[PDB]
Structures are given as C-alpha cells and as structure tokens.
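Sequential numbering of the sequence shown, starting at 1, is according to PDB author numbering. Data block below; observations after.
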Amino acid sequence: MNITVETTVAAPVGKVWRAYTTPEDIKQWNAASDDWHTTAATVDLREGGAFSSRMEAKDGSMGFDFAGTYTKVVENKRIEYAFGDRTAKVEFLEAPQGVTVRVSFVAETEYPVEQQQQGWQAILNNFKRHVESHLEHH
Numbered sequence: 001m002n003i004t005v006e007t008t009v010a011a012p013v014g015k016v017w018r019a020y021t022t023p024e025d026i027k028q029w030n031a032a033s034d035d036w037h038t039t040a041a042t043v044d045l046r047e048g049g050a051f052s053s054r055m056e057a058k059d060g061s062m063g064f065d066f067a068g069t070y071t072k073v074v075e076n077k078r079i080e081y082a083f084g085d086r087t088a089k090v091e092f093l094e095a096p097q098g099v100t101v102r103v104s105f106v107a108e109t110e111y112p113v114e115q116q117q118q119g120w121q122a123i124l125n126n127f128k129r130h131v132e133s134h135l136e137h138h
C-alpha cells in the first residue's frame, strides 16, 4: 500500500527547498506549463497548518481540489502531512552529486498502484524540470 517515488535535482539545497514551496514559484510550477495552465495552490507549511491545490483543465471544462494538513515540518528537510484518509511523508537528502527528494505515500484503493506511482513521480519530475529551467544548463 506504501508507494515510494524519488527524484534527484542538480541544484543547491536551499534553492530546491525554495522552489519546492514558494507561492511565486508555484505560479511557475502551475502544471509545468510552457504557455499557461489553469491551476492555483495555497500552502501554509507548518505543524497543524493546512494546504490546498486546485487543478483545472486548459479548456476549463473540469477540475479538482486537493487538500491536506501538515503533521510535521522540519527545516524544509522533513515534511509529513495527511491527505484525506491517506498519509504522505516527504524527505530531502543532500548528496555530493545533487539534492535527492523522496516521497512515501499511501495508495488509493480506488486507483491502480501503478497509476498512483506514476502521478506522484510526475509531480517530482515537474519540480526537477522547474528547477532545470532555473539552471539553464543540462
């Protein structure tokens, strides 16, 4: 039931932490858009603090709102939160080659394990690409 996804980004630890959860950065990370995608997220990163992210189709025909609450926050390095009936934990590791971000989350019984893994991996992959555009070197 526990799915783990991981991404490694060639950027400073502080830079990755900033890009991970800053509203201004989220405005860029909006569905990893090149021209524009309709999303909006608001995050209060703290123990007991709430967060929410709403995603919409480009044509505005459909969309969904994902909400959760933070249960543990440590220096942008250890971040654990609860999502509905599920839970997830995010960890940051400093490597000599780069910064590695690891996320472990509960699978939803309504959705395939594989589909959950790919989606959450895609989220981390989007973060990598977002930073990559802040590196201008690859």
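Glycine residues also receive a C-beta, built at the ideal position from the N, C-alpha and C atoms.
- Message: Are the CB atoms of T39 and residue 162 within a distance shorter than 8 Å?
- Response: With the chain running from 1 to 138 in the structure shown, residue 162 is simply not present.
- Item | Residues bridged to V5 [DSSP beta-bridge criterion] | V103
- Task: Would you kindly report the start and end of the unbroken alpha helix (DSSP H) that includes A122?
- Result: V113 to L135
- Give me the Cβ distance between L45 and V73, rounded to the nearest whole Å; I'm assuming they're in contact under 8 Å. 6 Å
- Message: Ignoring anything shorter than 3 residues, give me the beta strand (DSSP E) runs that lie fully in the stretch 18 to 97, in order along the chain.
- Response: 39 to 43, 50 to 56, 63 to 74, 78 to 83 and 86 to 94
- Message: Classify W29: buried if its beta carbon has 16 or more other beta carbons within 10 angstroms, exposed otherwise.
- Response: buried
- Query: Hey, out of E132, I26, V106 and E91, whose CA is closest to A82's CA?
  - Reply: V106
- Contacting residues, own chain, Cβ-Cβ under 7 Å from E91 (five flanking each side not counted): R78 and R102
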